[PDB]
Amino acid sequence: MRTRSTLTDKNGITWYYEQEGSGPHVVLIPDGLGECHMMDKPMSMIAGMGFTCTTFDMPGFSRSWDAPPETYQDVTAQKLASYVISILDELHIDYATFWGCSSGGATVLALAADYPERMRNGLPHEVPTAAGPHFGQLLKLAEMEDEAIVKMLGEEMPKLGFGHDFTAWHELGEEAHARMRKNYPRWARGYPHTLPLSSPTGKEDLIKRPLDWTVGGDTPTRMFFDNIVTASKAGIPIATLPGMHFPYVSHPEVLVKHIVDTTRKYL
């Protein structure tokens, strides 16, 4: 069923990746934490609908930890899109539906803007576009702390702040949380400062390929208000889905329903 492997890109990234199913390609880009096990529960549900689903740990994170520092420092949506294109090319994928949340969502936008020939349709979720607007207060200062306390402020927050199902978030498992531990400071040093102003949100870029922009049902309106305003002004289908920042974690069944339903409209 699920297959796992490791492979290297000309960039020097040693990716860990997972695939399951057959049919049209769906690519699940993780959020900033870069832990693809968050997709573990949804993927089977997606693949069962007649799709081959692919995911991977992000460069420098979890089992993709063997990567050059430039791939997880000063990170931009454009660089992440290039990395996704690389791993995706190496996996002999031609053209695909892309899901992404947070920085991954930014990546999705960068994929729509700059590689439209490779996208059937895009699904971004809660894209950060402002300095500080991802959880609550400025993450952009967390880099000043020592690693242990960075991981401790981060793993102490994710449950109530956005991943608001303690049994599911914790159902990710202990090996995954141990990897996320080491992911937190790398994310804080490379993902908060640089990602927000790089999400391509211009009308023409958002319109190049079919785009379904979503927001967490229980997320406070102010966090990703700008997403809604931008999408609706650009004419992008914008909607809410159950959960907050990790709909695939807190509500895997509704996440797969949304993924499949949207993908089916653009086959």
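Start at 1 with the first residue shown and count on from there.
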- Task: Identify the stretch, either 208-216 or 43-51, whose C-alpha atoms have the larger mean B-factor according to the entry.
- Result: 43-51
- Item | Between the two ranges 253-261 and 21-29, the one averaging a larger CA B factor in the entry | 253-261
- Task: Kindly indicate the residue among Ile228, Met58, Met38, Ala67 with the greatest C-alpha B-factor in the PDB record.
- Result: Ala67
- Message: I'd like to know which of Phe98, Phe162, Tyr191, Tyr184 has the highest C-alpha temperature factor in the PDB entry.
- Response: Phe162
- Of the three thirds of the chain ranked by Cα temperature factor, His92 occupies the highest
- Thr221: CA temperature factor from the record, placed by chain third, in the lowest
- Using the B-factors in the PDB entry, rank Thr107's C-alpha atom against the chain and give the third, lowest, middle or highest. lowest
- B-factor third for the C-alpha atom of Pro242 within its chain: middle
- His170: C-alpha B-factor third of its chain, per the entry, is the middle
